[PDB]
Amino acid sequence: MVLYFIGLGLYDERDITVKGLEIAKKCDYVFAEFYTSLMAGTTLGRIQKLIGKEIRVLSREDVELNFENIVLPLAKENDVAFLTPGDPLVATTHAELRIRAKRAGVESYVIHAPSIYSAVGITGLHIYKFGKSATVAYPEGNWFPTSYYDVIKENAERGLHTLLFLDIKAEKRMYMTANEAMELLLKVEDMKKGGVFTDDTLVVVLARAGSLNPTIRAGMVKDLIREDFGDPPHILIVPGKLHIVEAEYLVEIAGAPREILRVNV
């Protein structure tokens, strides 16, 4: 009679941990959500096949408004699993679901999986140097989000790197590309004119982390803004002050212009 929060990882069904698979295989009921992120290398069918169980996919509304009405009731008399892309508690509001579980007298356990938050290490940027993170959200009607711009500014001032999760509208099958994020940021720059994000700003793009051949690119906005980084999901990173080896990796592995090997200490 417990509830398992199990992450499925970055790209495909094989990104789940062995621990997660063995536990998921023995659960009575299996639920999942695929609106918090995109696993571009798999399908519901493949996940079901691997786990050996049928999976009931839930919408944001099902979860946020009815988690305690759909999932928790079953967890009070069975072993239930709730699957999610990447790590279940990273950049989601799922942690609060553990509180709902407690209040309902249901014990819960978390099985982690690879997350985009730590996968950034593949960009060569020292992970400890990342500062506050943010999300580039799609403008809606007259509402144009801009707080993510101030985050970059705050981190840059401290010489820290900025991780930018990109927006997603799963129900509309919309996945923000690094290109779109760059366009939005340039627009905010025109408004705020803080010299935070311009055509000459160095950026790093990581697409489909978790796949065997992810797209890792680095360069100035003007040169990458119209580049094809492949299918989603994508994340955008605005590095702060670079260490020599970070610059070297970006050039040798991310194909950045040799010009960036030159660091301004």
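For every residue, the number given is its place in the sequence shown, counted from 1.
Mean C-alpha B-factor is higher over 38-46 than over the other stretch, the pair under comparison being 38-46 and 230-238. Two stretches are in play, 153-161 and 121-129, and the higher mean C-alpha B-factor belongs to 153-161. Comparing the listed residues 106, 178, 116, 110, the entry records the largest Cα B-factor for 106. If you compare the C-alpha temperature factors of 134, 89, 191, 182 in the entry, 191 comes out highest. Ranked by Cα temperature factor within the chain, residue 52 sits in the highest third according to the deposited record.
In this PDB entry, residue 208 carries a Cα temperature factor that places it within the lowest third of its chain's modelled residues.
Among all modelled residues in this chain, the alpha-carbon of residue 19 has a temperature factor (C-alpha) in the lowest third.
Among the modelled residues of the chain, residue 257 sits in the highest third by CA temperature factor in this PDB entry. In the PDB entry, a CA B factor belonging to the highest third of its chain's modelled residues is recorded for residue 263.
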